[PDB]
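Letters A, B, ... are given to chains in the order of the sequence lines, protein chains preceding strands, and every chain is numbered from 1. These values consider heavy atoms only, across backbone and side chains, with no hydrogens, waters or symmetry-generated copies.
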Amino acid sequence: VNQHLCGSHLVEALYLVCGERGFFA
Amino acid sequence: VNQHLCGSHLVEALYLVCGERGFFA
Amino acid sequence: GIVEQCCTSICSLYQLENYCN
Amino acid sequence: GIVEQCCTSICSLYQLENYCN
C-alpha cells in the first residue's frame, strides 16, 4: 500500500479532510 | 477527481485519518 | 459497511473515523 | 510545500489539515 498522496489522490485527500473548510484549488 | 475510496486507496485513507489509533486490518 | 459507505458511495471524514480502531 | 510533504514524503492528518483553506 502506497502511503503517498499525489495528484488526484492528494485532491481527494483534501476533499476528505478539509470538508466544509474547502481548499485550494 | 474520483471521490470514492476503494481497495488500497481506502487502506491509505484509514492510515491517514486513524493515525496512532490504528485500524482493521 | 465501509465499502458501501466510502467506496460505492462517498463518505465524510466523520464517517471514516468511525471505522478506525 | 504540500507535494514535498505528502506526495514525495508521507504526511499526517495534522500536516494535511494545515493545507486546508
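In terms of heavy atoms, C/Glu17 sits closest to B/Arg21 at O-NH2, 3.4 Å. Contact record, C/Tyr19 with B/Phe23: O-CB, 4.4 Å, taken as the closest heavy-atom pair.
Note that CD of B/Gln3 and SG of C/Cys11 are 10.0 Å apart. Values are rounded to the nearest 0.5 Å. In this structure, the separation between CG on B/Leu16 and CG on C/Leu13 is 8.5 Å, given to the nearest 0.5 Å.
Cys pair B/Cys6/C/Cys7: SG-SG separation is below 2.5 Å.
Heavy atoms closer than 4.5 Å to chain C are found in both the backbone and the side chain of B/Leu5.
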B/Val17 and C/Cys20: CA distance, side-chain angles, deciding distance, side-chain contact (heavy atoms from CB on, under 4.5 Å) verdict: CA-CA 8 Å; B/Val17 317; C/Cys20 295; 4.0 Å; yes

Stepwise side-chain contact (heavy atoms from CB on, under 4.5 Å) check, C/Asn21 with B/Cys18: CA-CA 8 Å; C/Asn21 187 38; B/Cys18 302; over 6 Å; no

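At least one donor-acceptor pair closer than 3.5 Å links the side chain of B/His4 to the backbone N or O of C/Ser9.
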